[PDB]
2 protein chains.
Amino acid sequence: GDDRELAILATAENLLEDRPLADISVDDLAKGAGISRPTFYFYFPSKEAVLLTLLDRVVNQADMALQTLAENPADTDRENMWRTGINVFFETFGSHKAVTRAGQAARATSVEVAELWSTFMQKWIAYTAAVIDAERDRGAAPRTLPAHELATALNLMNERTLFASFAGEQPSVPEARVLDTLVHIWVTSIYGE
Amino acid sequence: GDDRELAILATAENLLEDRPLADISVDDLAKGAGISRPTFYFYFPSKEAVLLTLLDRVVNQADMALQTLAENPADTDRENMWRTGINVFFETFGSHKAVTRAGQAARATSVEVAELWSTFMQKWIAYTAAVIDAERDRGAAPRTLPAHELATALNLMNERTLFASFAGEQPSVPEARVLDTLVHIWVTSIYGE
Ligand SMILES: O=C(NCC1CCN(c2ccccn2)CC1)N1CCCC1
Ligand SMILES: O=C(NCC1CCN(c2ccccn2)CC1)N1CCCC1
Ligand SMILES: O=C(NCC1CCN(c2ccccn2)CC1)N1CCCC1
Ligand SMILES: O=C(NCC1CCN(c2ccccn2)CC1)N1CCCC1
């Protein structure tokens with residue numbers, strides 16, 4: 001029961017490694033999960049709902065990890081504290097590249113996918129802007145741009161740059177260099193006069 | 001002749017203001033240009049080729065503007081020199097928002113669209129990295145990250161952040177604030193130790 005659901009999600013994630021959602025049928029997902037077509041419909045209304053569930057699981061994983069770090073500050077310097085947050089994405093989405101690719105292709109057409117990602121980005125941009133505000137109040141950062149506008153651009157940069165790196169787009173920063181590249185831009189733009 | 005072609009392109013750009021390419025038919029484009037369906041096919045093979053032509057015109061406009069500025073340096077400070085380049089996009093794509101929205105939705109599915117944009121981004125990232133290298137050789141900037149990796153992330157940031165601002169995505173930096181936000185991040189990350 002919870003078994004068949006997990007097998008349907010595992011099948012979709014496996015299949016999305018080789019082709020887009022448009023080339024996967026409900027019959028392919030059911031066949032991979034060892035169930036019939038109408039049994040599939042008991043668990044999901046459509047192959048699009050399977051993708052949404054996979055995206056919801058990955059986004060909550062990242063969010064829970066970031067909550068853990070926000071509750072458990074590392075005894076390290078400021079550059080390494082920003083690095084630890086960025087690395088959540090690097091590690092969580094970078095462990096589910098096919099799902100990430102499929103979430104981005106769906107965003108153009110799917111209101112549900114676009115809304116799910118927006119809700120989460122609003123949260124992480126708010127947390128970012130709150131940290132920057134805290135750092136300015138402590139005298140560690142200068143009051144330059146509005147913190148919430150700076151946080152919005154830096155989080156958008158990381159969304160698009162990690163995507164390109166994970167995809168091997170041309171142009172992209174190589175995946176083994178992208179964390180240091182992003183952390184440089186965050187620390188200079190937040191602490192730089 | 002050149003007339004009917006320009007009317008077909010003007011029709012598509014007008015229609016794309018109200019709906020996506022998927023909801024526009026060849027018959028809608030021909031009807032708007034005052035021609036029949038088979039006459040349309042004399043000028044374009046498909047509605048997708050009309051979109052590609054509109055994107056090619058906008059991308060070349062921006063590229064020609066950037067070439068003009070690269071040949072004609074402004075007597076101003078360094079922050080304003082980066083601002084003038086960024087503002088090419090702000091102004092050129094921001095004057096053709098519907099075409100820009102449609103180019104981005106097509107990118108997921110269209111190899112031609114994705115390749116056209118890549119060629120141009122490779123050029124502008126190379127120019128950026130060349131400027132940063134020049135500035136380091138003159139002692140104006142510190143040698144921190146590899147210039148070509150820094151240039152790649154900053155140009156990707158501007159692609160995604162200008163897109164969001166032009167679209168009124170939630171989250172996005174407001175269009176009246178996005179140039180100052182981007183120029184801050186470029187100047188601190190390029191000149192900041
Ligand atoms: O890399 C990020 N965001 C990084 C920020 C960094 C600051 N944040 C932290 C930092 C340390 C701990 C918890 N959150 C929120 C996430 N993104 C957001 C969209 C996809 C890529
Ligand atoms: O491209 C993104 N983020 C945006 C897309 C948006 C569509 N996707 C969604 C949407 C809602 C929930 C989870 N993923 C995949 C991620 N990233 C995050 C880190 C790696 C590159
Ligand atoms: O805003 C930029 N890029 C800005 C750079 C800035 C440096 N460049 C300049 C600067 C002054 C003159 C000519 N080119 C190339 C463009 N992008 C590239 C993708 C879409 C948005
Ligand atoms: O989103 C983009 N750039 C990427 C898209 C890629 C798809 N589009 C193309 C593709 C090839 C040529 C021109 N436009 C629209 C622009 N921008 C540029 C400045 C404003 C926001």
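Note that these values count all heavy atoms, side chains included, but never hydrogens, waters or copies made by symmetry. Sequence lines set the chain letters: A, B, ... in the order given, protein chains first and strands last, and positions in each chain run from 1. One-based numbering, in listed order, for ligands and for the atoms of each.
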Atoms of ligand 1 under 4.0 Å from any heavy atom of A/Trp82, numbered from 1 in the order shown, are 7 (C)

Interatomic distance, CD1@B/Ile185 vs CD1@B/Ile190, rounded to 0.5 Å, equals 11.5 Å

Counting from 1 in the order shown, the ligand 1 atoms closer than 4.0 Å to a non-hydrogen atom of A/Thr128 are 7 (C), 15 (C)

Q. Out of curiosity, does A/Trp186 fall in the hydrophobic cluster containing A/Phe163 (side-chain heavy atoms, cut-off under 4.5 Å, transitive links)?
A. no

*asked:* Any donor-acceptor pair under 3.5 Å linking the side-chain atoms of B/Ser25 with those of B/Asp28?
replied: yes

Please tell me whether A/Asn158 and A/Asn155 have a donor and an acceptor in their side chains that are separated by less than 3.5 angstrom. no

If we number the atoms of ligand 1 from 1 as shown, the ones under 4.0 Å from a heavy atom of A/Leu69 are 12 (C)

The complete set of ring-ring contact (aromatic ring centres under 6.0 Å, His included) pairs with one or both residues in residues 94-117 of chain A, sequence neighbours excluded, reads A/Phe93-A/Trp117, A/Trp117-A/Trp124

The reported gap from CG in A/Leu52 to OG in A/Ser110 (rounded to nearest 0.5 angstrom) is 6.5 Å

Pocket residues around ligand 4 (non-hydrogen, under 4.0 Å) come out as B/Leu55, B/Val59, B/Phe93, B/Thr100, B/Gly103, B/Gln104, B/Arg107, B/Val113, B/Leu116, B/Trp117, B/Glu159, B/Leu162, B/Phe163, B/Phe166

Closest non-hydrogen atoms of A/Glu13 and A/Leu54, given as atom of the first, atom of the second and distance, are N-CD1, 4.3 Å

